[PDB]
Amino acid sequence: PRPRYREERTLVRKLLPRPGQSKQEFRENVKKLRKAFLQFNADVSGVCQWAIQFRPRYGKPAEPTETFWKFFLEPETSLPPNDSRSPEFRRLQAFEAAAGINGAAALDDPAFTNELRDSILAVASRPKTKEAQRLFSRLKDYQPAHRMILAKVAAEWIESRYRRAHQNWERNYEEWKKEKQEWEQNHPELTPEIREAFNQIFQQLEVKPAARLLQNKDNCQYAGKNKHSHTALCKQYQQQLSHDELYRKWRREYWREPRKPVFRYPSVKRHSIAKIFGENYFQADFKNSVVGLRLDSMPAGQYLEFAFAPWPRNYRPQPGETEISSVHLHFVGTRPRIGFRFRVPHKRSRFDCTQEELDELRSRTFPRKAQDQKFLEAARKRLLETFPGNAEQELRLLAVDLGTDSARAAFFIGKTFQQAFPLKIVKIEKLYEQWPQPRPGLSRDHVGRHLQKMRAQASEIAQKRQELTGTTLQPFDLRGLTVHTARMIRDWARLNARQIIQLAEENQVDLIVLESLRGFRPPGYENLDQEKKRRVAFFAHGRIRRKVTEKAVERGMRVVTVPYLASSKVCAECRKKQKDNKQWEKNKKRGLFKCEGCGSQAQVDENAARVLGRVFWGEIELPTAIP
RNA sequence: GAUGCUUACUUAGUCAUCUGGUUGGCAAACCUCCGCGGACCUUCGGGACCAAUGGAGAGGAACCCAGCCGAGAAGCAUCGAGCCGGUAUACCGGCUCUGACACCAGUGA
Ligand SMILES: [Zn+2]
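Numbers 1 to 627, taken from our numbering, label the letters of the first sequence in order.
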């Protein structure tokens, strides 16, 4: 499909004042960078704002601007492979011609199709909203170098925030349509039309689901429970009766459609972009760490010279090995961390497919939760048919568990489990493999130690803010405490990621089988609820999946993240699926367990390692216990 | 290795009983109300977001900035542990000499 996994691997080094310029002139130079970072993050946010009205509406006939929308985001598909200048330069010309920032009208190039050339004329012949009129008036004075990097980020912003999140939703909606029907005929008990009637009943009392389930599955006894714990919802049930035979089934109908991807513009507050300085717009010295960042208005080769953190000696891509293509300036808090964009190539894997193909299967081809079993069959079959030799005897495979106490990675080659030797994922003065009152390091109790301070310190902010203008926590409320937790929580995902990758480089593994856990929460997580800010201290098991998959493709490997099973209540020798939920929990505390009748006496990590490798093959099937 | 000095430096990669502790704030930065105007989603109740070569106000709890102390970064100096060479057992010269880790910033709870 698309080449999502790029071979860039950008390294970010924080900025310092030069060793002998000043401590105050550095503030007056970063302010010159923040002012230019404010404009770039706002120019991008305006270009993506003007062009978004040309998007397909998913249910309307193809507008003439649709075939230009697909070229703005992905110019590579709509250009010949022998493009003269760049796939990023034709994107600018189409965006230039769509606006009034080019009076030359040089769009008539052989590489531009007539379907596209005649479509931009249908885009320029459109009234602007009096903000794009001044926007492209500002962008008209910009040099072509700025506009090239300006349309690129804006196009890559919608393509990454809306288009991929929307394309993953259309198929999620098309399969929801089939799933909706396949639920109606298969469950025709008391919802031929009553489900619509229940929607009207739910409309009169805006509830917009544990409480709803209790109200629906109630025989007038739940009224006492509702009073103890709601009161308004009881009226709807009484009105419906004037009931329980269809209430328990109408709730599972999920009348609400899957939510559309809410588009957000690049925000300087919470989630921003990084400003790119293209070719001839920066100078980097790596012997002595100084960076020549150049602003937009600098005439002929003057640069603001800063100092950055020294390039690590243990860093694997050395600056002399690969050339730096661009510098990505972003502002975390107030300190301007810049990032270096270089080219580090990938290695050919032992597969004729790509990781992006595996992305396509789960994201859009098999998006639904009940459609997970078919995803594994297609994902497994795709890898085997693209495998050069017999994949049933020489497909090296790893399956990690990624726990907090410990994690073990089983080694599979031909469905024959070799050895689940563990991972040393704990961060103390030395890399241990297990935890020897709060545990010092990357333990759950240490992360929650900031949260209890974060909760205590947030009780003095709302109290003081109430006396100022009133008489919960903004993105800036805990600028230093939260970012440190961010650099700490993601580091636990960075350590786990490389430990997997370093483990997968010792033995020539071709496939990593991760699970689909959401993550683990520190002890101080269930008390700071109702706040988006608490999301920073969530261990984010998906973040490890982010980094493991990104690195595995770099080293020439594929990652398959199976849907979340129990994976630890599943035995490894037999398919028992222990449902005790008490002996397993008690045994998991001490790190071991035992199968009820199978007799396997492995640990929770090795068994999880063995199961996940077995789940990839046809030996173990998913629970699928919805009915 | 231990010790000392200096630095328009760092203390917002993390861990190592660790966003170090503490004192305040002209400028400024940060911040609270409005939005010239746009714009995503929507149960049409709103949610969420960008935003003027633009309007005021205000808190140092928070953010921001600055000072001090502790701490480590480097540049240099002294001695010790270990390696080698020649000259006449010593000396000079050179080297390993200073923690670990990490660095790409589908659905749903
Ligand atoms: Zn068993």
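Positions of the beta carbon are idealized from the N, C-alpha and C atoms, including for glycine.
Just list the residues that DSSP pairs residue i with in beta bridges.
i: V559; result: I512
i: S326; result: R341
i: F417; result: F412
i: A307; result: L16, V290
i: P422; result: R408
i: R335; result: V332
i: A284; result: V291
i: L592; result: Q603
Can you tell me where the beta strand (DSSP E) with residue i in it begins and where it stops?
i: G292; result: 290-293
i: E7; result: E7 -> no beta strand (DSSP E), and no H or E assigned at all.
i: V611; result: From DSSP, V611 is part of no beta strand (DSSP E) but of the alpha helix (DSSP H) over 604-616.
i: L11; result: 11-13
i: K275; result: 275-277
i: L397; result: 397-399
Taking buried to mean at least 16 other C-beta atoms within 10 Å of its own C-beta, is residue i buried or exposed?
i: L468; result: exposed
i: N172; result: buried
i: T482; result: buried
i: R313; result: exposed
i: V562; result: buried
i: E182; result: exposed
i: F476; result: exposed
i: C220; result: exposed
i: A420; result: buried
i: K152; result: buried
i: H166; result: buried
i: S84; result: exposed
i: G613; result: buried
i: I149; result: buried
i: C574; result: exposed
If I follow the unbroken alpha helix (DSSP H) through residue i, where does it start and stop?
i: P87; result: 87-98
i: residue 629; result: Because the chain here runs from 1 to 627, residue 629 falls outside it and cannot be looked at.
i: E74; result: Element bounds for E74: n/a, residue is neither H nor E.
i: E170; result: 164-184
i: residue 700; result: Residue 700 lies beyond the range of the chain shown here (1 to 627); nothing can be said about it.
i: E392; result: 391-394
i: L33; result: 25-51
i: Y222; result: 222-228
i: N216; result: 210-216
i: residue 712; result: What is shown of the chain runs 1 to 627, which leaves residue 712 out entirely.
i: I461; result: 461-465
i: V447; result: 444-458
i: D372; result: 372-386
i: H484; result: 479-506
i: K249; result: 244-250
i: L565; result: Neither: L565 is in no alpha helix (DSSP H) and is coded neither H nor E.
i: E356; result: 355-360
i: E196; result: 194-204
i: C234; result: 231-241
i: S137; result: 132-140
For residue i, which residues from the same chain have a beta carbon less than 8 Å from its beta carbon, with the 5 sequence-adjacent residues on both sides left out?
i: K235; result: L205
i: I52; result: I158, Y162, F263
i: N216; result: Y237, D244, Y247, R248, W250, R251
i: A379; result: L358, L361, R362, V560
i: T404; result: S443, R444, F520, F539
i: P317; result: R9, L11, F342, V344
Ordered along the chain, which non-local residues of its own chain (more than five positions away) have a Cβ less than 6 Å from that of residue i?
i: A552; result: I512, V559
i: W255; result: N199
i: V291; result: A284, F306, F308
i: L592; result: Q603
i: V12; result: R337, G339
Keeping to the same chain, check which residues put their C-beta closer than 7 Å to that of residue i; ignore five residues upstream and five downstream.
i: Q499; result: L423, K424, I425
i: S326; result: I276, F277, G278, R341
i: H346; result: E7, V553, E554, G556
i: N102; result: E96
i: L73; result: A155, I158, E159, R163
i: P388; result: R350
i: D605; result: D401, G403, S406, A407, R408, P422
i: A462; result: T472
If you measure from each residue's Cβ to the nearest non-hydrogen atom of ligand 1, which ones come out under 6 Å, in chain order? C571, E573, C574, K576, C595, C598, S600
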